[PDB]
Structures are given as C-alpha cells and as structure tokens.
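**Q** Got a structure here, written out as structure tokens. Questions coming.
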Amino acid sequence: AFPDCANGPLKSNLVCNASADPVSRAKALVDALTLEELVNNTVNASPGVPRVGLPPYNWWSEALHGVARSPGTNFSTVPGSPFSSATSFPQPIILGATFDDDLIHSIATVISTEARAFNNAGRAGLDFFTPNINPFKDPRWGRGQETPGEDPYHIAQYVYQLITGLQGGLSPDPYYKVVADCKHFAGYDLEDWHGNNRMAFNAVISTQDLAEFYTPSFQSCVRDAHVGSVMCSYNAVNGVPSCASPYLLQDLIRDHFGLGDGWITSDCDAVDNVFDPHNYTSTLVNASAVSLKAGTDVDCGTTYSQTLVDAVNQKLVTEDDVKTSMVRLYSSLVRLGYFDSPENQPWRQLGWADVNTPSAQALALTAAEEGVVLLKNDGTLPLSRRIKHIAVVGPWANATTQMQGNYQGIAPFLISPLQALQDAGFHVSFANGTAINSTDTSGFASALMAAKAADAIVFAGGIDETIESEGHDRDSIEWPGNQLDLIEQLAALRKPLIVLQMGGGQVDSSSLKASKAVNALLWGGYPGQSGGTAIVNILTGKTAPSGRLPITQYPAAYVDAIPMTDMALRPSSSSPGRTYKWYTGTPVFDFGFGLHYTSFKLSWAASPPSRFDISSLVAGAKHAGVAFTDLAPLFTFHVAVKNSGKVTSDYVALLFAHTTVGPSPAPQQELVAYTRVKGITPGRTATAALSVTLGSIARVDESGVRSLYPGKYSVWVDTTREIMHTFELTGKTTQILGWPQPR
Ligand SMILES: *[C@@H]1O[C@H](CO)[C@@H](O)[C@H](O)[C@H]1NC(C)=O
Ligand SMILES: *[C@@H]1O[C@H](CO)[C@@H](O)[C@H](O)[C@H]1NC(C)=O
Ligand SMILES: *[C@@H]1O[C@H](CO)[C@@H](O)[C@H](O)[C@H]1NC(C)=O
Ligand SMILES: *[C@@H]1O[C@H](CO)[C@@H](O)[C@H](O)[C@H]1NC(C)=O
Ligand SMILES: *[C@@H]1O[C@H](CO)[C@@H](O)[C@H](O)[C@H]1NC(C)=O
Ligand SMILES: *[C@@H]1O[C@H](CO)[C@@H](O)[C@H](O)[C@H]1NC(C)=O
Ligand SMILES: *[C@@H]1O[C@H](CO)[C@@H](O)[C@H](O)[C@H]1NC(C)=O
Ligand SMILES: O[C@@H]1[C@@H](O)[C@H](O)OC[C@H]1O
C-alpha cells in the first residue's frame with residue numbers, strides 16, 4: 001500500500017510535496033520519525049510507522065527472469081484468476097546466449113511492466129533483487145544459471161540493457177519504473193563445494209583479478225546504467241565480509257563506480273553471518289554496526305531492527321548513520337512515485353490486462369529461439385519434411401517446471417518438447433527411460449520400444465535443479481546418472497538421433513561429439529515457458545539456430561585440475577586457468593561457439609585502420625559523447641556478412657581481440673565486441689558494426705589500473721577466425737581508469 005499524501009498524517013510533511021527535492025523529501029520524512037522507528041524500518045520486512053500513516057513495505061522482491069516468487073510477491077491461489085501467473089522468461093544464461101541487446105532491453109521492459117502491474121494490485125514491491133551479474137567462472141556453480149555467462153564484457157552489456165529496461169531509462173525522467181539491484185558484490189560464485197559455505201567462505205582475490213574480472217559487471221551496472229541498488233554478498237574478500245567492507249562498499253561501489261546515495265541491501269542475513277559463521281566480529285551488535293558503517297543500508301533479515309539501537313547506545317554507530325541509510329531508502333522510494341498522487345503516474349495505472357500480453361509471450365518465445373545453441377549437426381537438421389514419426393525420450397523430454405530454472409514465477413503455460421512436437425503434428429512416441437540422476441535401467445526398454453519404429457529419435461536430458469541450485473555446487477561436470485548409456489543404446493539403432501543437453505552449466509558431451517551415430521546436439525539450458533516450441537521450431541527449420549555458447553564446456557577432468565576455492569583465473573603450477581581467456585586445456589566446446597543452418601562469407605565492408613597513437617586516442621576521448629574515458633571509442637569495425645547458403649538466419653558477430661603487449665600474462669582471447677545481425681536472407685550481404693572502446697582494449701596491471709599499452713594487437717570475428725586484422729598502438733602508455741587501493 002501507499003501513503004495518503006492528500007488526507008493522511010504526512011500530507012503536511014515535505015515528503016508529500018511533489019515539487020520538493022526527492023532527497024529533501026526523504027530528509028523531511030526521516031526527521032519526522034523516531035530513531036527507534038527508523039531502526040525497526042532498517043530491515044527488508046519493514047513495518048512502516050503506523051503513527052504517521054507510513055504503510056509496511058517489503059524490500060525483498062524477486063524478478064530475475066520475470067516476476068518471481070518472493071517474500072514481497074504473492075500469486076493468486078486460484079489458477080485462472082488474475083495475477084495467478086506472469087511471463088516466465090528463460091534463464092539469463094540462455095538470454096546471454098542470445099547476444100541480443102535489443103531483446104534483453106525489451107525483456108527488461110516486459111518484466112518491469114508486469115512488476116508494476118503486480119504492485120498496483122498489492123502483490124509486489126517496487127524494488128527487485130535483479131540481476132545476478134556474478135561471472136560463471138567455475139563450470140560447476142549452482143547459481144551460474146542465473147547469470148549471462150563467464151565474460152565480464154558480455155555481462156556488462158547485458159546488465160546495462162537490463163538495468164535501463166527495468167528502471168525505465170538511463171534516468172528517472174519522471175519517477176523510476178522499478179528499482180533494480182545488481183546482485184552479490186564480491187567474488188561470490190560458490191555455494192557449498194566440498195564444505196565451503198558461502199556464508200563462511202573467505203575468497204582470496206588479487207586486486208588485479210578483482211578489477212579485471214569480478215567488478216566490470218558492477219561498474220557497468222552502477223556507473224554506466226545508473227542502478228538504484230546493489231547487494232553485498234555472503235562471502236568474505238581477503239578476510240573481510242563484503243557487507244562489512246568499507247573498501248568494497250564505499251571506495252568502489254559508492255565512489256569509484258558512483259552509486260552515491262543509492263541504497264545497498266545486504267544479502268539475506270549476511271550481516272548475521274558477519275558474526276556467525278564469518279566469526280568476523282565478537283558480538284552481533286558489533287557485526288551490525290560494522291555493516292552499517294561500511295555502507296549496508298538495509299538488512300535482508302532481522303539483525304538491524306533489534307541491534308542498531310544497542311549500537312547507537314554503545315557508541316559503535318551514531319544516530320546520523322541510521323538516518324543516512326533511511327534517507328537513502330526513502331529517497332529511492334520518493335523517486336519510485338511512492339509519495340506522489342496516482343493521477344500523474346501511468347505506471348501506476350497498469351493492471352492484470354498488461355501481464356500475459358501476446359507481445360510478452362512472443363518475446364519469451366523469441367528469446368528461447370535466439371538462446372538455444374546448435375553444437376553439432378551432420379545435416380540431419382533441419383528435419384526432413386518427410387519425417388512424421390518421432391520418439392521423444394529422456395529426463396527432459398516432457399519438461400515443464402524443469403524448463404524454468406530457479407527464481408521463477410508461475411507461468412501461464414509450460415510447453416514441453418513433447419507438447420511442442422505434438423503441436424507440430426508429429427506422431428510422437430514418448431518415454432523418459434531414465435531420470436536425471438539414477439542408475440535404474442528399468443526404463444531403457446520403454447525408450448527402446450518407443451524408438452525402434454520411429455523416423456527420428458530425440459533424446460532430451462542433462463541436468464536440472466536436482467543437480468545444480470542455490471546451495472548445491474556440482475561435484476562432477478559430466479552427464480549425471482546413466483543418461484549416456486541410454487543415448488548409446490539409442491545410437492545402436494542408427495536412426496536420426498538428436499541429443500538435447502539442458503541445464504545451466506555444461507556437461508561433457510565429447511562422447512556425443514565423437515560418435516558418428518549421434519547426428520545432432522543442441523544446448524537448451526532453461527528455455528522458459530515457450531522452450532519446447534522454440535526447440536521444435538529450430539528442429540523443423542521454422543527458426544534458424546543463431547545462439548552461441550555463453551560459457552565454456554570444460555572436459556570432465558577439469559574438476560580435478562583446480563579447486564572451486566581458487567579464485568585466481570590465470571594458469572600456474574596448480575591452475576589450468578579459468579574461463580576461455582586463461583584456460584590452457586582443450587574444451588569440448590568453446591565459448592561463443594555456435595552453428596547455423598546456412599553458411600556465411602565474412603569480409604571487410606570498410607578497410608580497417610592499422611595505427612593509433614595512445615595520446616591521440618586519450619585526447620579525442622574527451623570529445624566523444626561519453627562521460628568516462630574508458631567508454632570512448634578506439635574504432636568501429638564494419639564486417640560484411642554474406643549468407644552464402646540457402647536458409648535465412650541471424651548471425652552473431654563476436655569480435656575477439658588478442659594482444660601480447662602490456663602486462664604479462666596476456667589472455668588468449670577477449671570478447672571486445674559483439675552484434676546480432678538479424679535475418680540475412682540467402683545471398684544477401686549485411687554489415688555488422690562492431691565497436692571497441694578504450695576500456696575493453698586497455699590492460700589491467702597488478703595495481704588494478706586500466707591503461708593503454710603500445711604494441712601489436714590482433715582481432716578476429718568468430719571462434720573459427722573467419723577474418724582477422726592486426727593493428728598497432730604507438731606512443732606512450734597512458735592510464736585510462738584508476739583504481740582505489742585496498743583500504
Ligand atoms: C511544496 O513546497 C513549496 C515550498 O518549498 C511550496 O511553495 C509548494 O506550494 C508546496 N507544494 C504543495 C503541493 O504543498
Ligand atoms: C519495532 O518493530 C515492531 C514490529 O515488530 C513494532 O511493533 C514497534 O512499534 C517498533 N518500534 C517502534 C519504536 O516503532
Ligand atoms: C497475497 O494476497 C492475499 C490477498 O490479496 C493475501 O491475503 C495473502 O497473504 C498474500 N500472500 C502473501 C504470501 O502475503
Ligand atoms: C574465530 O572464533 C574463535 C572462537 O571460536 C576466536 O577465538 C577467534 O579469534 C576467531 N577468529 C577470527 C579470525 O574471527
Ligand atoms: C507431461 O507433463 C505434464 C505436466 O507435468 C503432464 O500433465 C502429462 O501427463 C505429461 N505427459 C506424459 C506423457 O507423461
Ligand atoms: C516420466 O516421469 C514422470 C515423473 O518424473 C512420470 O510421472 C511419468 O509417468 C514418466 N513417463 C512415463 C511415460 O511413464
Ligand atoms: C548424481 O548423484 C550423486 C548422489 O547420488 C551425486 O553425488 C553426483 O554428484 C550426481 N552426479 C552428477 C554428475 O552430478
Ligand atoms: O542471492 C540472494 C540469496 O543469497 C538470498 O538467500 O535470497 C535472495 C537472493 O537475492
């Protein structure tokens with residue numbers, strides 16, 4: 001509910017004055033309240049102040065890939081009633097696999113519209129814990145499915161588009177739409193691997209790796225997309241918990257990245273974790289005091305509302321710190337149109353008629369269509385027009401809730417691969433033959449019986465929330481259970497066999513890759529509510545595959561080569577490396593790898609430059625329409641992408657760069673640009689504009705400073721190195737972006 005700024009008790013307070021400054025309105029509201037009232041409102045499940053007519057407000061609300069279940073959200077218990085469902089989009093891993101920034105922005109707009117519609121019915125808050133922009137650096141993280149991938153630049157572009165779409169633009173032009181919250185600011189990418197609990201895990205991260213990998217996403221989020229909120233994670237960095245670290249929360253988030261007087265929520269009772277089990281403070285009150293002084297403005301729990309009074313009395317914190325945090329929160333609320341009349345807010349006029357819009361359903365289907373990656377095909381795909389009898393088999397064959405991942409809402413419909421095959425008029429023989437993880441072969445027979453008389457076998461399996469989830473990291477990155485045995489038996493029939501590998505993290509498909517009896521292999525991840533229809537549209541040829549792998553499919557033995565606790569990415573005497581840019585082994589399928597139903601010819605649409613002076617680039621940086629030097633351009637490629645095949649398709653141009661200059665070591669590759677050229681009809685030649693900035697070409701040294709270094713740089717366009725171009729930077733090395741040193 002919202003206050004009554006027309007007749008209620010706050011009507012004569014400056015907080016109810018729309019003409020006044022938002023920060024001044026928050027100040028007027030906070031000065032009107034009692035210190036203890038302020039304290040009992042410093043938590044996510046705030047009760048408001050019944051004296052002044054301030055209604056309750058739950059800050060903990062979830063909408064990762066669509067309006068999700070959360071403490072701040074309820075869905076109508078009646079299945080067909082209004083607000084019983086919401087557009088459940090596919091997991092952000094497949095969404096990053098789309099590599100479509102326009103699509104990500106439109107999805108963010110849909111999510112924000114539906115969140116506003118739910119809030120107008122008293123069924124959702126106005127701030128949402130989204131997105132999760134922690135890089136999926138270790139292949140066996142349970143929550144890496146919630147993230148776009150493993151590339152900090154790709155995640156940066158994703159989060160820029162998503163924040164701008166959710167919040168309603170690059171600025172609160174009038175009011176916010178919804179307030180976002182970039183998740184877990186730290187080196188958080190571990191749940192319980194070998195007993196290392198995130199709530200007691202001490203991540204050791206070098207400043208170089210800190211600024212080069214774990215923070216670019218948050219810098220793009222709060223500095224370039226101007227987010228309204230950030231969340232500090234459970235883990236500790238270099239011995240200090242994040243929510244209690246002034247260097248992480250103040251020196252970087254509020255200052256270097258410029259969150260300013262936006263509000264920082266703690267991970268849910270991570271403030272309590274600072275005491276138990278992080279052991280960091282001797283008393284609980286001291287834990288909450290250090291958390292507050294470090295920058296944590298609101299606690300997702302109950303630690304603040306029952307300890308901050310004692311902290312003020314024990315002189316650990318002052319009344320003014322509580323008032324500062326409350327002013328930040330209430331100022332974001334003022335910007336959300338909390339204290340303004342509904343007559344002047346179109347976003348407050350949204351209802352149930354705006355939720356399951358056909359545009360939203362079609363956009364979810366399109367996201368799934370663009371996100372699925374074709375890993376292998378011998379020409380069996382697209383399915384022959386003469387194929388009529390298909391056998392669908394596997395633990396993912398009739399997937400419905402598995403298709404949603406985690407942090408989801410109740411979808412209006414869950415179209416399974418089986419249901420979609422039936423929707424396309426296929427004579428389907430179904431059998432799930434084995435579970436996700438089991439040794440029971442008793443279903444194999446059924447599978448075989450369903451497939452022995454079929455024109456095509458479609459095995460659909462992999463992993464799901466039973467294998468990877470919040471609080472359960474994977475121990476093996478292989479096909480769980482006896483799934484590979486069933487695939488092998490199906491391949492003994494030597495029919496057209498198509499294997500669908502699902503789930504967030506990758507599983508070792510090298511056995512499938514090497515077997516000639518396996519004709520086609522796709523990765524489906526969590527394709528959302530319309531996932532089956534998208535997969536079948538790709539199979540039949542209705543939609544051409546165009547997605548590309550956002551993460552590396554490591555071979556199995558990788559789990560033995562590096563511990564999940566090793567936060568360093570570079571190789572060494574005990575590290576094969578991390579991610580595509582440092583890994584020294586031979587991945588089964590590379591980052592950015594993808595197949596199409598058509599062949600492409602890539603050339604130059606404009607002769608590329610080959611020489612740049614660093615000082616000239618830095619000087620011209622002040623004249624480009626950017627506010628920070630690292631956002632200024634270095635150059636823009638114009639690739640000519642010709643469709644030399646016979647099928648229309650989209651193409652994802654993935655501009656990679658490699659240098660041997662600047663700080664050693666220097667990565668293999670680094671995704672410095674990417675674009676999605678949509679719908680290239682056969683024969684036609686479309687132009688791909690690929691823009692590289694100074695911040696993506698510069699190098700991060702031991703000090704964590706981003707600077708330009710002279711020498712030879714090479715750049716190519718695909719994982720197959722379609723075209724390549726080598727230029728040189730000359731002149732003197734110039735610092736582009738400083739870095740506050742650890743306090
Ligand atoms: C808001 O305050 C200003 C003075 O700061 C006053 O002139 C204006 O009338 C007030 N608006 C309302 C709606 O009371
Ligand atoms: C503290 O919070 C409780 C809700 O659990 C509320 O009843 C009480 O009034 C709050 N204290 C003050 C001083 O408002
Ligand atoms: C959802 O709304 C109904 C009535 O609007 C309310 O009674 C119920 O408690 C809400 N659900 C939750 C989980 O708060
Ligand atoms: C950890 O807790 C123990 C008490 O069990 C205490 O003696 C020790 O000083 C603590 N160490 C740290 C680093 O918190
Ligand atoms: C497929 O799943 C749906 C929902 O889980 C269920 O209603 C249906 O019976 C299943 N189909 C088969 C053939 O098991
Ligand atoms: C597929 O598995 C579900 C439970 O996982 C079960 O209800 C269903 O019966 C299975 N399919 C068949 C054909 O038995
Ligand atoms: C399969 O389940 C077992 C527990 O029964 C688990 O230890 C193992 O990690 C799972 N396999 C995979 C590949 O995740
Ligand atoms: O990632 C967060 C998780 O740690 C918490 O337990 O639930 C809310 C999420 O935002």
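Residues in the structure tokens are numbered from 1 in each chain, the chains being A, B, ... in the order shown, and ligands are numbered from 1 in the order shown.
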Write as an MDAnalysis selection string the residues around ligand 5, taking 12 Å as the cut-off and counting only C-alpha atoms and all ligand atoms.
**A** chainID A and resid 391:403 413:420 422 428:433 532
**Q** Taking only C-alpha atoms and all ligand atoms into account, produce a table as JSON lines in which each residue of chain A with an atom at most 10 Å from an atom of ligand 1 appears once, together with its shortest atom pair and the distance in Å to one decimal, ordered by chain and rising number.
**A**
{"residue": "A:5", "atom": "CA", "partner": "ligand 1", "partner_atom_place_in_ligand_line": "13 (C)", "distance": 9.5}
{"residue": "A:6", "atom": "CA", "partner": "ligand 1", "partner_atom_place_in_ligand_line": "13 (C)", "distance": 9.2}
{"residue": "A:11", "atom": "CA", "partner": "ligand 1", "partner_atom_place_in_ligand_line": "14 (O)", "distance": 8.4}
{"residue": "A:12", "atom": "CA", "partner": "ligand 1", "partner_atom_place_in_ligand_line": "14 (O)", "distance": 7.4}
{"residue": "A:13", "atom": "CA", "partner": "ligand 1", "partner_atom_place_in_ligand_line": "14 (O)", "distance": 8.7}
{"residue": "A:14", "atom": "CA", "partner": "ligand 1", "partner_atom_place_in_ligand_line": "1 (C)", "distance": 6.7}
{"residue": "A:15", "atom": "CA", "partner": "ligand 1", "partner_atom_place_in_ligand_line": "1 (C)", "distance": 9.2}
{"residue": "A:16", "atom": "CA", "partner": "ligand 1", "partner_atom_place_in_ligand_line": "13 (C)", "distance": 7.6}
{"residue": "A:17", "atom": "CA", "partner": "ligand 1", "partner_atom_place_in_ligand_line": "1 (C)", "distance": 4.9}
{"residue": "A:18", "atom": "CA", "partner": "ligand 1", "partner_atom_place_in_ligand_line": "13 (C)", "distance": 6.3}
{"residue": "A:19", "atom": "CA", "partner": "ligand 1", "partner_atom_place_in_ligand_line": "1 (C)", "distance": 5.3}
{"residue": "A:20", "atom": "CA", "partner": "ligand 1", "partner_atom_place_in_ligand_line": "1 (C)", "distance": 5.6}
{"residue": "A:21", "atom": "CA", "partner": "ligand 1", "partner_atom_place_in_ligand_line": "5 (O)", "distance": 8.8}
{"residue": "A:24", "atom": "CA", "partner": "ligand 1", "partner_atom_place_in_ligand_line": "5 (O)", "distance": 10.0}
{"residue": "A:25", "atom": "CA", "partner": "ligand 1", "partner_atom_place_in_ligand_line": "1 (C)", "distance": 9.9}
{"residue": "A:340", "atom": "CA", "partner": "ligand 1", "partner_atom_place_in_ligand_line": "13 (C)", "distance": 9.9}
**Q** Find the residues near residue 152 of chain A: any atom within 10 Å, counting only C-alpha atoms, skip ones fewer than 6 places away on the same chain, and give them as a PyMOL selection string.
**A** chain A and resi 133-137+158+212-218+220+670-671
**Q** Around ligand 7, at most 7 Å away and counting only C-alpha atoms and all ligand atoms, which residues are there? Put them as a list in words, please.
**A**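 The residues within 7 Å of ligand 7, counting only C-alpha atoms and all ligand atoms, are residues 437, 438, 467, 474, 475, 476, 477, 478, 479, 480 and 481 of chain A.
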**Q** Mind dumping the selected residues with N, CA and C atoms as a tab-separated table (two decimals), in the first residue's frame?
**A**
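The resulting file, out.tsv, is shown below:
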chain	number	residue	atom	x	y	z
A	437	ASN	N	19.38	-38.21	-12.62
A	437	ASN	CA	20.49	-38.88	-11.94
A	437	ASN	C	19.96	-40.15	-11.27
A	438	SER	N	20.23	-41.29	-11.90
A	438	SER	CA	19.86	-42.59	-11.36
A	438	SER	C	20.67	-43.66	-12.08
A	467	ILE	N	20.54	-31.21	-9.75
A	467	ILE	CA	22.00	-31.27	-9.85
A	467	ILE	C	22.65	-29.96	-9.42
A	474	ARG	N	28.03	-28.32	-8.08
A	474	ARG	CA	28.25	-29.63	-8.69
A	474	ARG	C	29.63	-30.16	-8.32
A	475	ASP	N	29.70	-31.48	-8.13
A	475	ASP	CA	30.98	-32.16	-7.93
A	475	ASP	C	31.55	-32.74	-9.21
A	476	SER	N	30.70	-33.03	-10.20
A	476	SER	CA	31.13	-33.54	-11.49
A	476	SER	C	30.43	-32.76	-12.59
A	477	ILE	N	31.14	-32.51	-13.69
A	477	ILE	CA	30.57	-31.78	-14.81
A	477	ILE	C	30.29	-32.74	-15.95
A	478	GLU	N	29.89	-33.96	-15.62
A	478	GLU	CA	29.56	-34.99	-16.59
A	478	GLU	C	28.05	-35.16	-16.68
A	479	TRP	N	27.63	-35.95	-17.68
A	479	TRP	CA	26.24	-36.36	-17.78
A	479	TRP	C	25.88	-37.18	-16.54
A	480	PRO	N	24.98	-36.70	-15.69
A	480	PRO	CA	24.68	-37.42	-14.45
A	480	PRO	C	23.95	-38.73	-14.71
A	481	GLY	N	24.19	-39.69	-13.83
A	481	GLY	CA	23.50	-40.96	-13.90
A	481	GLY	C	23.91	-41.78	-15.10
**Q** Determine, counting only C-alpha atoms, which protein, DNA and RNA residues have an atom within 12 Å of an atom of residue 281 of chain A; residues of the same chain fewer than 3 positions away are not included. Present the result as a PyMOL selection string.
**A** chain A and resi 239-241+244+271-278+284-291
**Q** For C-alpha atoms, I'd like the residues from the last selection saved as a tab-separated table (two decimals), in the first residue's frame.
**A**
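So part.tsv came out as:
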chain	number	residue	atom	x	y	z
A	239	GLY	CA	39.25	-11.92	5.12
A	240	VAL	CA	36.64	-9.13	5.35
A	241	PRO	CA	32.93	-9.82	4.73
A	244	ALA	CA	31.25	-5.08	6.39
A	271	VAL	CA	25.01	-9.22	8.45
A	272	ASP	CA	24.13	-12.02	10.86
A	273	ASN	CA	26.71	-14.12	9.01
A	274	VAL	CA	29.38	-11.49	9.76
A	275	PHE	CA	29.08	-12.67	13.36
A	276	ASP	CA	28.06	-16.32	12.81
A	277	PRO	CA	29.64	-18.02	10.96
A	278	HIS	CA	32.10	-15.48	9.48
A	284	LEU	CA	26.15	-9.39	16.97
A	285	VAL	CA	25.62	-5.68	17.70
A	286	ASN	CA	29.20	-5.01	16.57
A	287	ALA	CA	28.53	-7.04	13.41
A	288	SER	CA	25.53	-4.88	12.52
A	289	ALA	CA	27.49	-1.74	13.46
A	290	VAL	CA	30.40	-2.58	11.15
A	291	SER	CA	27.90	-3.47	8.42
